[PDB]
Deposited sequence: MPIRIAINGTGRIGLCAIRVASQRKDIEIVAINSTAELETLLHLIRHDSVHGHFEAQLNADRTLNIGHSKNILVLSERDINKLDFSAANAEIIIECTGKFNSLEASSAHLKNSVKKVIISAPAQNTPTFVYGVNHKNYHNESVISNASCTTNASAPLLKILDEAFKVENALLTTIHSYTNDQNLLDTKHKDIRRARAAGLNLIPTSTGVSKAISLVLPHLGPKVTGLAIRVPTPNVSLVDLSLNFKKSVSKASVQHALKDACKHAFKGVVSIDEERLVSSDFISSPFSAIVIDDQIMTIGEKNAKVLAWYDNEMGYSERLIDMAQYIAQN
């Protein structure tokens, strides 16, 4: 199996642990956490959003979770002292948020450690979204998995561009913040909060030909975990509700199998908690206006889709 270590046990790290533990060709050899061991085990077992999970402590105080039966637990805040090579980790999943740059995360590249995947946008760092541009990977030692919002948006842009040619698009993310710029200085409270999110630049990293043609924003909403992306697109080729439906359905069967899904059951946001998909298209709400414009909406769990792609990327770059 591919030997990985997870650095950081916030929400993303915890979800990565749970996801990676279920992949038969992964072995988690080490977790580094600011939490004491017993607290870490509690947090893995009990989750306000994703429910209960099986995890045990071995007699030797390693963790035993799924396929990963011998997980060393560390608690070293100083990246220069942290030694994942001693656990024979090959791939570091960097989930602390304290090293989100090429230079900072490169400090992990010690002795036998092969690669780092940063679970966030990272300054000066090659960025990949599984299903979108991962096949452009060329042995880079330190990469970014972008954001949950880009992982939802970028597949949809790619499908729709390949089918109808995107001339321009406007994206609104409805970002569910319950479990997650002067407007930031206020209590979130139960407010709707608009925020700029650098969509164009973010898309440019993984779809360089589209980034300059798209922009948008986020609206933060006090609901839990499940977010929605709202794409308003202008295409070169003429479109209908049916042709757009077909292009998305077909991609989910083929090039985006396991990454994009379609909801034909008229479900609501809570139905997608813990979904593994990067995006789940809201089929019945696909609409067109004029010859060349469409609106496409898609759900995503802002933790689980991203975490599944993070471990997909680990498997791929190995």
| query | finding |
| --- | --- |
| Regions left out of the model, expressed as runs of the deposited sequence counted from 1 | 1, 182 to 190, 329 to 330 |
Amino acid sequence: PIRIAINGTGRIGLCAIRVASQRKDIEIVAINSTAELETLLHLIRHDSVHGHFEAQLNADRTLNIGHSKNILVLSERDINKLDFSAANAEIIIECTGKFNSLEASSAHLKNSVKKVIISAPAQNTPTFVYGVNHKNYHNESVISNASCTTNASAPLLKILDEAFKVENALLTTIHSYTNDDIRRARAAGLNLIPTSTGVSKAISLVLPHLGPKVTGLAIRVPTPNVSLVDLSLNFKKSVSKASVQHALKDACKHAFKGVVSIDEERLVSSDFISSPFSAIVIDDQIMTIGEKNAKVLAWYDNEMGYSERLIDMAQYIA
From here on, numbers count along this sequence of modelled residues.
item: Mean Cα B-factor comparison, 53 to 61 or 274 to 282, giving the higher one as deposited; value: 53 to 61
item: Average Cα temperature factor in the PDB entry - higher stretch of 181 to 189, 79 to 87; value: 181 to 189
item: Maximum C-alpha temperature factor, selected from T172, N136, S227, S105; value: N136
item: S261 by Cα B-factor - lowest, middle or highest third of the modelled chain; value: middle
item: CA B-factor ranking of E94, expressed as a third of its chain; value: lowest
item: Chain thirds of CA B-factor: placement of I289; value: middle
item: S112 CA temperature factor, ranked by third within the chain; value: middle
item: Chain third (lowest, middle, highest) by recorded CA B-factor, residue given as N145; value: lowest
